[PDB]
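**Student:** structure here, sequence nowhere to be found:
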Ligand code: NA
């Protein structure tokens, strides 16, 4: 009795009615730029899974304007090449999705430029591999920038005409990620790596376990499986997803709802507000690959049931409708950060995460 497609469209319409800036071809200029890339990913993936083309013109407008040389990083020369490798990775993966939706080689070319850009800050001389997130400072090799890069090369290994070195780079990047220690003893991924002051060796910095660091890695392993047909990549991804679903690890509540570690203290900032939807979209990618890899009709119900359970909870406890007026007839739905808690306000990162959950159920 729940239409995930219609609810995703209502959430996207609510995102546009409250946060889209037509004069800037961007959502919420007061919010981080990379979250506009996540929002573009959610709108693109909605069209891919639902077969709709309703926001195609808007998405093209955002791409055309935001691919220009960024005013805060002109040396990147545009094409989403920014002052941080994870900022670039979010838009790069959005262009991979835009290529999947349209088949236009232009978007694939952007992702190829982004891969070569991010690779510039991969070094073997610290932590035996991995890339830095802070382009200007080069002091932090974290989980999200390396998960985004890994999913990028793995995606290009399935789509780019020169798929050989992208597969070799993806296999080498996953080998480094697995051996880095960021995947801890319960198969969850901490924020990044610290460096020994004397030996130069790198180790898990034990910073918080964020949901989107348990998600992007799943899509990377799904793409690695599609490029190799090796179910070992799916089994590693399933181990990470199963750790998130286990309530003993604190990411899944007693009611079975995905819960960011900052929701209890009500301290989720603009970045953390978008994390949950990114995991949900990537979990749906894993559930699809798992169901298609085995003849069992029971392949991956837990992931589908999890996404469905979280969807109903967000529908009932986290929803709020915009008030239509005599002048503005825009209709849709707004959402807060907690998928079980009350609706206090709606922000663009909160809304983008919302769309990701509905799209993950399409
Ligand atoms: Na190490």
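**Tutor:** Ah, there it is. Numbering: from 1, shown residues only.

**Student:** could I get the full set of helices for this protein?
**Tutor:** 4-19, 33-50, 56-66, 85-102, 105-119, 143-159, 163-180, 216-228, 231-245, 275-293, 301-317, 348-360 (DSSP state H).

**Student:** I'd say residue 87 and residue 34 touch.
**Tutor:** Yes: using C-beta atoms under 8 Å as the test, residue 87 is close enough to residue 34 to be in contact (4.4 Å). To be clear about C-beta, it is placed using only N, CA and C from the backbone, and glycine gets the same treatment.

**Student:** which one of the two has more residues nearby?
**Tutor:** residue 87 (24 against 20; other C-beta atoms under 10 Å).

**Student:** count the neighbours of the closest residue to residue 250 other than its chain neighbours for me.
**Tutor:** Once its chain neighbours are removed from consideration, residue 250 has its nearest residue in residue 261; the separation is 7.0 Å (C-beta to C-beta, 6 or more residues apart in numbering). Other residues within reach of residue 261 by the criterion other C-beta under 10 Å amount to 16.

**Student:** repeat that for residue 249.
**Tutor:** Counted with other C-beta under 10 Å, residues neighbouring residue 249 total 15.

**Student:** residue contacts, it?
**Tutor:** Counting by C-beta atoms under 8 Å, 6 or more residues apart in numbering, residue 249 makes contact with 186, 188, 209, 243.

**Student:** report the buried members of these.
**Tutor:** Neighbour counting by 16 or more other C-beta atoms under 10 Å classes 188, 209, 243 among those as buried.

**Student:** relative to residue 75, which of these is nearest.
**Tutor:** Taking C-beta to C-beta as the measure, residue 75 sits nearest to residue 209 out of the buried ones among the contacts of residue 249, at 34.0 Å.

**Student:** my guess is the closest one meets residue 187, correct?
**Tutor:** No: under the criterion of C-beta under 8 Å, residue 209 makes no contact with residue 187, lying 10.6 Å away.

**Student:** let me see the contact set for residue 21.
**Tutor:** Applying C-beta under 8 Å, 6+ apart, we find residue 21 in contact with 27-29.

**Student:** quick one: residue 38 and residue 237, what's the gap?
**Tutor:** Distance, residue 38 to residue 237, by C-beta to C-beta, to the nearest Å: 20 Å.

**Student:** er, residue 281 actually
**Tutor:** Separation of residue 281 from residue 237 (C-beta to C-beta): 14 Å.

**Student:** residue 249 too?
**Tutor:** When C-beta to C-beta is the yardstick, residue 249 and residue 237 sit 16 Å from each other.

**Student:** ok, and the closest non-adjacent residue to residue 159?
**Tutor:** On the basis of C-beta to C-beta, 6+ apart, the spatially nearest residue to residue 159 that is not a chain neighbour turns out to be residue 108, at 6.0 Å.

**Student:** what do you get for residue 44?
**Tutor:** For residue 44, the closest residue by C-beta to C-beta, 6+ apart turns out to be residue 97, at 4.6 Å.

**Student:** dump the residue contacts of that neighbour.
**Tutor:** 41, 44-45, 48.

**Student:** give me that answer again for 10 Å
**Tutor:** Shown here is residue 97, whose contacts under the criterion C-beta atoms under 10 Å, 6 or more residues apart in numbering are 40-45, 47-48, 107, 111, 155, 281.

**Student:** in stretch 74-84, what counts as buried?
**Tutor:** Going by neighbour count (16+ other C-beta under 10 Å), the buried part of stretch 74-84 is 76, 79-82, 84.

**Student:** again, but for stretch 263-271
**Tutor:** Residues of stretch 263-271 classed as buried under the neighbour-count rule (16+ other C-beta under 10 Å) are 263, 268, 271.

**Student:** again with stretch 180-187
**Tutor:** 180-183, 187.

**Student:** stretch 21-36 now?
**Tutor:** In terms of neighbour count (16+ other C-beta under 10 Å), stretch 21-36 has its buried residues at 25-28, 31-36.

**Student:** columns distance to residue 120 on top of the residues you listed, output as JSON lines?
**Tutor:** Conversion of these to JSON lines gives the following (distance: C-beta to C-beta, whole Å):
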{"residue": "25", "distance to residue 120": "28"}
{"residue": "26", "distance to residue 120": "26"}
{"residue": "27", "distance to residue 120": "28"}
{"residue": "28", "distance to residue 120": "29"}
{"residue": "31", "distance to residue 120": "27"}
{"residue": "32", "distance to residue 120": "22"}
{"residue": "33", "distance to residue 120": "20"}
{"residue": "34", "distance to residue 120": "18"}
{"residue": "35", "distance to residue 120": "24"}
{"residue": "36", "distance to residue 120": "23"}
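
**Student:** could I get the contacts of residue 97 as CSV with neighbour count and distance to residue 254?
**Tutor:** Compiled in CSV, these are given as follows (neighbours: other C-beta atoms under 10 Å; distance: C-beta to C-beta, whole Å):
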residue, neighbour count, distance to residue 254
40, 25, 35
41, 25, 31
42, 28, 28
43, 25, 33
44, 26, 34
45, 24, 30
47, 21, 36
48, 15, 34
107, 23, 42
111, 27, 40
155, 29, 36
281, 29, 24
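
**Student:** which one of the residues you listed is nearest residue 162?
**Tutor:** Set against residue 162, the nearest of those by C-beta to C-beta is residue 111 (12.7 Å).

**Student:** the closest one contacts residue 98, doesn't it?
**Tutor:** Yes: contact between residue 111 and residue 98 holds when scored by C-beta atoms under 10 Å: they sit 8.9 Å apart.
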